């Protein structure tokens, strides 16, 4: 079975609504901002990709009350609220709103998160220390459980097929998409709402990454400059929040119901480094293998790939590992155009896979390849890779690859083809 995407939804540091987000992205916009002191006051990591409200962003702000009654918002952590908005958008685009149980039973919901309800969990622990555990809300556990993003989406739309929640860090929502494709192919679902949601900002989660020296600290006075994948002066990732969702279904199923395919999913590969608990190997060999499996599934030679939306999160070691992996798969001197949109959004962790898949699909749809903001002095190790600089590249393209290479050595790559071919 050929598998397609028929709808996309985004909640991001560049706004809500995928067309608005895409436009801001391609026009050179950034979602990086100074974090509140309540989150970053004690840390030298001061910058984040934050999702703004409608007071701050009238056209593209995040208002979860449009998706969920105010009363029910109290029952769900921020990442879930974002998941709900993004899912509404993707499902509206796809026109998938089954009323009959037959089709509801064939709809799967697969929504990843790397950290899940960290703010909710942290608050509950703080209440325990101050007020006592006897004082906890009855909604405490489902407020934060990672699977309640998919859960609340399923409950709203009455999706009664398989539910999934892959919690595999920065690869998580790349796996959500591969998992969705797999279920369409095994016949376990006809439609999958697949994606990721992350809203993990808290002094302890940021503090935790900061203790690992994982975060950018050198650009607090000019936040937009902090995320600089592949750049000589990168000094750690910039945490981001948001959600992105795709509707995945067979081409036959899409055409039978009159849904227009936005792009085709032609390959997926996932591997484990089995090397170290947070850092990948210097040669990028696990990431290399995952890319090759995606290409092999797609029957696509490396030289046929037009665009790669790299994982590169702006870490000295991580970006260098992916550079090595890209060189191994694609060679040097020709090969695909390569950029990291984390330069603009920051690192959405479990939601990075889905938003970067959305950006890869839109690159194909419109013939525009996002640039890498802040790429002022590329790493000499990348010489010979066609790294796209800060300005987007307007060129017609047919095949795009997107990578997610996460903590615990989890690597996932997904490959898309423009529709029609």
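Residue numbers count along the first chain shown, from 1.
On average, are the C-alpha B-factors higher in 344 to 352 or in 229 to 237?
The stretch with the larger mean CA B-factor is 229 to 237.
Given the B-factors recorded for C-alpha atoms, which segment has the greater mean, 285 to 293 or 78 to 86?
285 to 293 has the higher mean C-alpha B-factor.
Pick out which of 168, 205, 270, 304 has the highest C-alpha B-factor in the PDB entry.
Reading the PDB entry, the winner on C-alpha B-factor is 304.
When you compare the CA B-factors of 106, 135, 311, 182 as listed in the entry, which one comes out on top?
Going by the entry's C-alpha B-factors, 135 comes out highest.
By its CA B factor, does residue 362 count among the lowest, middle or highest third of the modelled residues in the chain?
For residue 362, the deposited C-alpha B-factor lands in the lowest third.
Using the temperature factors of the C-alpha atoms in this entry, rank residue 154 within its chain: lowest, middle or highest third.
Residue 154: CA B-factor falls in the lowest third of its chain.
So where's residue 409 on the chain's Cα temperature factor ranking, which third?
For residue 409, the deposited C-alpha B-factor lands in the middle third.
Using the B-factors in the PDB entry, rank residue 178's C-alpha atom against the chain and give the third, lowest, middle or highest.
Answer is lowest: the recorded C-alpha B-factor places it there.
Can you tell me whether residue 41 has a C-alpha B-factor in the lowest, middle or highest third compared with the other modelled residues of the same chain?
Highest third.
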